[PDB]
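Okay, structure first, notes after.
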Amino acid sequence: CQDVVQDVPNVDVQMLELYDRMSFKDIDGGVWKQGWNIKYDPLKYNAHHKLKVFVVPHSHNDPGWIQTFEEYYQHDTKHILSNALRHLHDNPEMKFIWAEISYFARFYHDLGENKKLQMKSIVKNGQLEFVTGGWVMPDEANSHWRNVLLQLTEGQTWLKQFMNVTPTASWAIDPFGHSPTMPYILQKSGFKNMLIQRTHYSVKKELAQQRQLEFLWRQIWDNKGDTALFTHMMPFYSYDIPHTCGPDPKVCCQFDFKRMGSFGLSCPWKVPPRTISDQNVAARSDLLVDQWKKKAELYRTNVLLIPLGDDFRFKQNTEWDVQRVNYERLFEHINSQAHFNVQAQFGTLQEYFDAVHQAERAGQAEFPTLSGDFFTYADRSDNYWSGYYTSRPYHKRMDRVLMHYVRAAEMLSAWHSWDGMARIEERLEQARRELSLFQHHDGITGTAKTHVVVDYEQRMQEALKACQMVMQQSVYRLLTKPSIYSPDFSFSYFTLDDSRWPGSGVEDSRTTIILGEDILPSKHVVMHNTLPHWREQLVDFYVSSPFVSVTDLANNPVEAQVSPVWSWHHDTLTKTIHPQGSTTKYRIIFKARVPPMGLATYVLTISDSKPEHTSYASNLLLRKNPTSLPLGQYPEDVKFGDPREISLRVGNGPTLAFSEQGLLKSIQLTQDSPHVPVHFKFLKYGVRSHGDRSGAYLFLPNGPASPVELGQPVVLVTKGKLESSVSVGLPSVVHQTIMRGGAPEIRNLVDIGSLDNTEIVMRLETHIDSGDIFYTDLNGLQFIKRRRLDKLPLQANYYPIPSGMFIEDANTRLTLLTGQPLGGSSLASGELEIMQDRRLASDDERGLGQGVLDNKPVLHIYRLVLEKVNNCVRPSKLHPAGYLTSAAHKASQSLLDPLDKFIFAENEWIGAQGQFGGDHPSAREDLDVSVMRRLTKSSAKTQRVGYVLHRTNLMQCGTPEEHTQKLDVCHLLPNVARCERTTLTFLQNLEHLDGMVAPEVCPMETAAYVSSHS
Ligand SMILES: *[C@@H]1O[C@H](CO)[C@@H](O)[C@H](O)[C@H]1NC(C)=O
Ligand SMILES: CS[C@@H]1[C@@H](N)[C@@H](O)[C@@H](O)[C@H]1O
Ligand SMILES: [Zn+2]
């Protein structure tokens, strides 16, 4: 295994180093506004060295944006695809590329057999070529790598089954900034090439000058280069026609033949296209070849890529004809005029890359190596696209909840083959497709119109219901005596209970377990642990009595703690945000212990008085002029007091001190260590009154944030043996800090209400001497070093926080893990900040045509980990990566893949069993089984199960930790007949494995395996 910490890769372009050196000046470069006047030597190309030009027709189809997926399919995409089939069928030389398989699958299943055969034929013959082949062209900032893989696999599996092709070239022309998580996943899925477009205009200028727009993109920690993927970055401001033929859009616009009038499009540079004729073809060719030779100067080979397309293009039959015929006249003239020394033709993306690599092999060019990312994107001036790292945060959190539910439903049901009548495959396909659809660059990004966000939400809601159904049917089968098991596939044996989604104050959706001496004395509950190691986690349920005790299935008592059910309300009468305690239901908390990738059953039993193994939390309401808070049957009385500073310690854990405002002030790791200053503060950013305004994409603050005026907030302290917490009602946020013995958990119920032009940020102030350095993650996969640059505006120093961020100095580190992607930064030494929500009354001029005024309450979750790191083996000062400690990685897993909770729905569960998975190996803590998926239906003689294994890299800080089992996924199911290593999409076998044993993977590597069973 390659060492991912100690060896700094040597690459030609390292983006953090490039950023440090670049000036970022925004000067007028002439017709190429963000570049310069390109010059070329006319004698560079000659009879023996011609410029080969591939014009690649394309149509960008968003699976939701200004319209929903179904509306665009009906109004535009079904017509684009129908006319592409007709025109390519009838014109053998025409070519077209297609990226979004969600739309293609939607179209193809509606075709009659004759058209299906014609479509398969134009794909097999090379006229229609799929690029990437994912369900969508995903966002690359907020998406979790697991869901980027999920959507890629969904579209590619559809393509292999129905079109018999697997793309090896990727096309990503619209995501707003680009992540190296894409070449990481693509290179492990069979890809050989990829293309990107939206990168900072200063980066396009810098790389163009050095002819570094084509490069071998490797991961930041990859010293050898085995992760490298050839990448082509487009050079100009847009992928539309005006910005794809060359540096001068006033000339290129004249070669978009859809802009002459009858289509309602025109050229903003004031010169329209004109039909190509024998009388003007020479002058037009002179102009066009000149743009092509200028564009060719920015690259190293004699093979030139000219995309020809835009959004929802190639719709009208007349549009196909006007583009095809005018370009064929230009090609016939250019190709026949020897003095141009050009050979131009329609082509596909693969054809372009194949030609480039043939030139490389002929020794005509060598390409630079590059590592890093392409965030944060700006398309012009100071317009940095950091707003969408936070826009529509409710759905960004929903994305992560569904991410986990899909994983759990696929894993729980993978253990057995199911009868078709159980509709397991059907429900899982729907869940995977709706989550895949939401990875679109206008889905999770929060950049769609209001009614479209509504459509994505409704789809995800159904996806969660489908997961619940599969999970609960699986638990009943996994824990019921086989000879007693008698399923009704439509019945609900268990209901899922989720403490953090939609969350308290967001939706009262949680059921109360109703017990009573005269009705039902006890209830079975079951926890699932999707991770491959034994795991303990406190779990909570709502119960109708405070007098409840817990036992495991050996009837062994389990220590529990009971607390009140607290809800916060804005009292429009008193004008205070204060908690109300339930007088009809309570919370029981206990530690569940669950096997690796398994299940554990516990029982809740009611009694008439305090049970021996159940304790009760004390409660203290701090506020001036308090009023009583009765708690129905709850034993202990609530106490009151004026606001004051407070300290709490659960177990052996850290001791947290809080201000009289209920916000963290310090953390003391051990009883004798110092109280390290760690202060939570909430502030707000506004919007500019003159000049460009923030919108769904853009973050354009009117200066540094200002403190939220807190007044005298109401603070609630609940102190328990197992769990304690301090909650405070602040304007727009009920902020809660929970302690269970280790790193605290933070929960924010964010309701921005009607505060227009406001962005609420949560900041952490410390005295850590981080300087201008901080770390953020990319897609939940890796942590990358960031350097705050005062030469760039505040919004440029904002980065995606898809799962976590940290700052450190030589001795101390503070890491904030998230249960949802949000935007954040470190704008001064010792600070961390992350945006909670943003409400914007104006549009930001990118075409969305609306502000963001559809905010809804969302519960954001976090883990805050303060730790000493003077003893950790960290990368050197020049290394571009960072790595989490064991505690921080487990803290991240607790937010993203918590234990799942099931409540038996009937009175009695006959045949109940206590545990499932006790014999599963408990793998090393840095290893995860990211995906477990049965790939075959029940009628298959040979069953196949696929696994994606991922190993992260954790810092070595002096903790021995050495007692775990080797995990061989191929032997998790019995009767294994074969084990193969495959691409990550499971579509190609790469290695027949000896002994039918699946090796574990190296730190930072991800592998896939498929076991076959007879
Ligand atoms: C699928 O594609 C491969 C590669 O061209 C071809 O050999 C095969 O015959 C095609 N059809 C089948 C059998 O799926
Ligand atoms: C140019 S804005 C961008 C448009 N290109 C459209 O495809 C959609 O994804 C939107 O967010
Ligand atoms: Zn788009």
Discussion item. For a 27 Å ceiling on Cα separation, which of these pairs sit above it: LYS95/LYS160; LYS481/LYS901; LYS624/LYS665; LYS624/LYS681; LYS39/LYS250; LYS523/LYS937?
Written reply: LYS523/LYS937
Practice prompt. Can you tell me the alpha carbon radius of gyration of region 920-1014 divided by the globular rule-of-thumb value 2.2 N^0.38 Å?
Written response: 1.15
Worksheet item: Taking the mean number of other Cβ atoms within 10 Å as a proxy for protection, how do you rank 641-653, 244-256 from highest to lowest?
Response: 244-256, 641-653
Worksheet item: In whole Å, how far is the Cα centre of region 785-843 from that of region 343-390?
Response: 28 Å
Worksheet item: Which angle between 0 and 90 degrees, to the nearest 10, do you get for helix 886-896 versus the longest principal axis of the chain when only C-alpha atoms count?
Response: 80 degrees
Discussion item. Given region 349-418, report the % of alpha carbon pairs whose separation exceeds 18 Å.
Written reply: 73 percent
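Mind giving me the FRET efficiency for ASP790 and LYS966? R0 is 51 Å, r the Cβ-Cβ distance, nearest 0.05 is fine. Kindly include the intermediate steps, with their values, before the conclusion.
Values: r = 50 Å, r/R0 = 0.98.
The computed FRET efficiency comes out at 0.55.
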Discussion item. Suppose the chain between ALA338 and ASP756 were pulled fully straight at 0.36 nm per residue; how much longer would it get relative to their current alpha carbon spacing?
Written reply: 144.2 nm
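Quick check: convex hull over the Cα atoms of region 480-612, volume per residue in Å³, rounded to an integer?
With only Cα atoms used, region 480-612 gives 168 Å³ per residue.
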Discussion item. Suppose only helical runs count, i.e. DSSP H with n ≥ 4. What mean residue ellipticity at 222 nm does that imply for the chain under -39500 (n - 2.57) per run, divided by all residues and rounded to the nearest 500 deg cm²/dmol?
Written reply: -6500 deg cm²/dmol
Response to the item:
In region 811-883, taking the dipole from +1 charges on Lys and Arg beta carbons and -1 charges on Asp and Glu beta carbons about the Cα centre, the listed residue (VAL869, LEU848, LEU814) farthest towards the positive end is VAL869
Practice prompt. Just need the relative contact order of the chain here, percent rounded to a whole number, with Cα pairs under 8 Å and 6+ apart.
Written response: 13 percent
Response to the item:
Taking Cα pairs closer than 8 Å and at least 6 residues apart, the relative contact order of region 618-897 in percent is 17 percent
Response to the item:
Using eta = 1.002 mPa s and T = 20 °C, Stokes-Einstein with Kirkwood Rh from Cα pairs puts D for region 382-492, in µm² s⁻¹, at 139 µm²/s
Practice prompt. Report, in cubic angstrom per residue, the convex hull volume of the C-alpha atoms of the chain.
Written response: 170 Å³
Worksheet entry | Cα-only radius of gyration and Dmax that characterise region 844-908, units Å | 21.2, 62
Practice prompt. Would you compute, for the Cα atoms of region 850-963, the largest minus smallest coordinate along each principal axis and list the three values in descending order, in whole Å?
Written response: 58, 50, 33
Response to the item:
Free-by-geometry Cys in the chain, Cβ-Cβ under 4.7 Å as pairing rule, reported as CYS467
Worksheet item: In whole Å, how far is the Cα centre of region 680-706 from that of region 899-941?
Response: 47 Å
Practice prompt. Report the equivalent ellipsoid semi-axes for region 571-617 in whole Å, largest first, defined as the square roots of five times the eigenvalues of the gyration tensor built from alpha carbon atoms.
Written response: 33, 18, 9
Response to the item:
The size of the Cβ-based charge dipole (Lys, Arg +1; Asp, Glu -1) of region 1-125 about the Cα centre, to the nearest 20 debye, is 760 debye
Worksheet entry | Farthest positive-ward along region 344-446 dipole, Cα basis, beta-carbon charges - from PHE374, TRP415, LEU349 | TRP415
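Under a point-charge model restricted to the Cβ atoms of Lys and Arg (+1) and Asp and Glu (-1), what is the dipole moment magnitude of region 920-1014 relative to its Cα centre, in debye to the nearest 20?
So the magnitude is around 680 debye.
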Worksheet item: What size of dipole, in debye to the nearest 20, comes out for the chain about its Cα centre when the only charges are +1 on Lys and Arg C-beta atoms and -1 on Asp and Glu C-beta atoms?
Response: 960 debye
Fill in: Alpha-carbon Rg/Rh ratio, for region 1-381, with Rh computed the Kirkwood way
0.95
Worksheet item: Using a basic spin-label model with each label point 7 Å from the Cα along Cα→Cβ, how many nm lie between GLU457 and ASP311?
Response: 2.3 nm
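So if I average 1/r over every pair of distinct C-alpha atoms in region 281-418 and take the inverse, what Kirkwood radius in Å does that give?
Evaluated over region 281-418, this radius sits at 20.6 Å.
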Response to the item:
Per the rule of 0.36 nm per residue minus the C-alpha distance, extending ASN46 to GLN74 adds in nm 5.2 nm
Practice prompt. Rank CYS245, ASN223, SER938 by how far each Cα sits towards the positive end of the charge dipole of the chain (+1 on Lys, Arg Cβ; -1 on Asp, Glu Cβ) and give me just the farthest.
Written response: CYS245
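Positions of Cβ are generated from backbone atoms using ideal geometry, with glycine treated the same way; all protein chains shown enter the neighbour counts. Computed from the coordinates by the stated procedures, all read-outs in this text should not be read as laboratory data.
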